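Structure, as structure tokens:
Nothing in this text is a laboratory measurement; each read-out follows from the coordinates by a stated rule. When we count neighbours, we look across all protein chains shown, and the Cβ atoms used for this are built from the backbone with ideal geometry, even at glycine.
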There are 2 protein chains.
Amino acid sequence: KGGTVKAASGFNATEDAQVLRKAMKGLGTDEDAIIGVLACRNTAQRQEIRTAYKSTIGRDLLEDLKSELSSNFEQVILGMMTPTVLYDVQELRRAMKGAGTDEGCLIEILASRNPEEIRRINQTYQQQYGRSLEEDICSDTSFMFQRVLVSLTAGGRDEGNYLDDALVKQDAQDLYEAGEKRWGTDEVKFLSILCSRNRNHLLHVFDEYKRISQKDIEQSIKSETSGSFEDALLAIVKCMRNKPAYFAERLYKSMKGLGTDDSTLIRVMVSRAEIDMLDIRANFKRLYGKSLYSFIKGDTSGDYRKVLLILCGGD
Amino acid sequence: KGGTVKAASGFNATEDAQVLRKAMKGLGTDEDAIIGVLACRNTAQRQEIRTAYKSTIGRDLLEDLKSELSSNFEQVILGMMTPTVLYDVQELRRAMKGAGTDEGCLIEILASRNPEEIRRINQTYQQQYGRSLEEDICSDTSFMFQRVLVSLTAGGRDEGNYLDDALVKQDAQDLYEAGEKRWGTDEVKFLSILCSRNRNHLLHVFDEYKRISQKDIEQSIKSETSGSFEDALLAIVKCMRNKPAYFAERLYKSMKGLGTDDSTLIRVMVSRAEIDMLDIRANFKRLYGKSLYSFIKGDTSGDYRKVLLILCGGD
Ligand code: NA
Ligand code: NA
């Protein structure tokens, strides 16, 4: 378990900066050298390489990578070079700036990050952009979906693990009676239970719900709700039960079928490589009976593929 | 299931003719009597009432209804009095005579009627007007849309149900590769598959298409085509999968939002009352979470409303 990318042995930031300068200097690029260094260092080490590049090369590593590289390869490398919290912050801003909101990106990040990470994200977003994340969410999404995202962003959830069996039963009972008639869905109920109860409590509510309804909570969420609100509730449930399997499903859906959602593919591979990619891989193979490696290999190409395959770790 | 309007018990054509004559004779009209008779008889019985009116009243029932009644109420009653095939024939001619072609009416009828009905329509159109339906379609529509309508009109479709799994896969595969690039849509492909394959084959192609592309065929039709050609392909797909839901959507779109398309409202309610109105109602409520009855009641008024509500059957 854990991630694929780890801190390098023999790490020499100045030498790595020299390798990267040699790779980019003059016409042409040695992409293999860029990959061979950066995909073999963790995020913290990459920042030390940025620092060493500035002082020993007298140039800006991020500017140089941006100018040298293009398209999806450039996106993966620049994402790799970005500090963890700022990467999340940048991806949320990109999902909202304008436009036709990337609601799936909002859900993926806000449902899956831990409370201290969400706090850091809120803080950094405001510092960087001079606007609150919550305010931007309110302008760019609406209705029940909007209420879910605001709750995740504010941290409207109990962070302890107190278990009252009687309260677990009433929550499950509440969700059951709500499933009784087609007009009877109480989305406010769903929102409140799924966004406010602590993780232990919720894992127990899911077990009790199955017991009294004979249905998994996910089944009823799908039958009873729709749209981005449904997707948001499903992501909270999945991230509570098995976060690596949540990400394995995001990866699958970004590649399977007609077209490729490279922006999601890239973001998940970059953001999870150091955390739980080994787990994501195992869950992917359990769920889909194919390796994640093989999906990446069959759905991408070029240097873009080469670097994704290292973030994947292999097989 | 089936329709709302059925053959009346105790049917006495002469008495009905007397009731209708009394209702119209002299200044003023008893619209409730006209509705109470005609909306409670089926189309075949209405023709027997026309016959009885001629011989026992010595007048022409259709002329008298036309002179007495006006606007949308008159349109529903005269449509009700018209033999099934001639009603279709009249509606197609009305959609084309002149002008700025009612392309939606052409699609609705030609995509939804069964082959023997299309044959009867072609025959009756030529007899009545001295022009072929296909020729009028060619003069009044163009391009790919025109090719679709001509195919539906000629009956260019296999009417058997032979299923070759290998041919189902290649059709789906063909539609997939076509969805790969923005310039890669092969509308000829779409036309040929959707207009020529038999219904069993096609229902299997839709399932396989979803499997290999992860998209419903309707989604790709919308992203890949536009205009009346898109609408025509969507109507063929919907009529293959769930014809009552096709009509429930026509009704919805004729009433929802700004304005009312009474000509479509009337034509669908008249033409489907004896066939599948109970199914249309159920699909309407499933799709829109409101009864069809309530839409009619909230969007029409007067005697026009009264008769539509009986064609709807109620709630
Ligand atoms: Na260069
Ligand atoms: Na009169």
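If you average the sequence gap of Cα pairs under 8 Å that are 6 or more apart and divide by the length of chain B, what percent do you get for the contact order?
Across chain B, relative contact order equals 21 percent.
Quick one: pull the percentage of alpha-carbon pairs in the stretch B:240-312 with a separation above 22 Å.
Of the Cα pairs, 10 percent sit more than 22 Å apart.
Need one number: nm distance between label points at A:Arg241 and B:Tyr129, each 7 Å from Cα along Cα→Cβ, rounded to one decimal.
The answer from the label model is 5.8 nm.
What list of ³J(HN,Hα) values in whole Hz, one per residue of the stretch B:31-42 in order, does the Karplus curve 6.51 cos²θ - 1.76 cosθ + 1.60 (θ = phi - 60°) give from phi, with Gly and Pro shown as x?
4, 4, 5, 4, 5, x, 7, 5, 7, 10, 10, 7
Rounded to whole angstrom, how close does the nearest chain B beta-carbon get to the axis mapping B onto A, and which residue is it?
Of all Cβ atoms in B, the one closest to the rotation axis yields B:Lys222, 5.
Give the nm distances, rounded to one decimal, from A:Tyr162 to the matching residue in every other copy, measuring between label points 7 Å along Cα toward the beta carbon; shortest first.
Distances between equivalent label points, in nm: 7.3.
How far apart are the A:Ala44 label points across copies, placing each 7 Å from Cα toward Cβ, in nm, shortest first?
Nearest first, the other copies' label points are 8.6 nm away.
Give me the distance in nm between label points sitting 7 Å out from Cα along the Cα-to-Cβ direction at B:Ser294 and B:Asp164, one decimal.
Here the modelled spin labels are 5.0 nm apart.
Partner chain Cβ atoms within 10 Å, averaged over the residues of B:176-186 - can you pull that number for me?
Per residue, the average neighbour count from other chains is 1.
Along Cα→Cβ at 7 Å, what distances in nm separate the A:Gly184 label point from those on the other copies, shortest first?
So the distances to the same position in the other copies read 4.8 nm.
Applying the Karplus parametrisation 6.51 cos²θ - 1.76 cosθ + 1.60 with θ = phi - 60° to the phi angles of the stretch A:235-249, what ³J(HN,Hα) value in whole Hz is obtained for each residue in order, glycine and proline being reported as x?
After applying 6.51 cos²θ - 1.76 cosθ + 1.60, I find 5, 5, 5, 5, 6, 5, 7, 6, 4, x, 5, 4, 5, 4, 5 Hz.
Just from the alpha-carbon atoms, what are the Rg and Dmax of the protein assembly as shown in angstroms?
Cα radius of gyration and Dmax of the protein assembly as shown are 32.3, 110 Å respectively.
Could you give the angle, 0 to 90 degrees to the nearest 10, between helix A:103-112's Cα long axis and the longest principal axis of the Cα atoms of chain A?
With rounding to tens, the tilt is 80 degrees.
Helix A:199-213 versus the longest principal axis of chain A: what angle, 0 to 90°, nearest 10, using Cα atoms?
50 degrees
Nearest 10 degrees is fine. How inclined is helix B:165-177 to the longest principal axis of chain B, computing both from alpha carbons?
That helix lies at roughly 80 degrees to the long axis.
With each run of n ≥ 4 DSSP H residues scored as -39500 (n - 2.57), what mean residue ellipticity at 222 nm is computed for the protein assembly as shown after dividing by its residue count and rounding to the nearest 500 deg cm²/dmol?
Per the formula, -22500 deg cm²/dmol.
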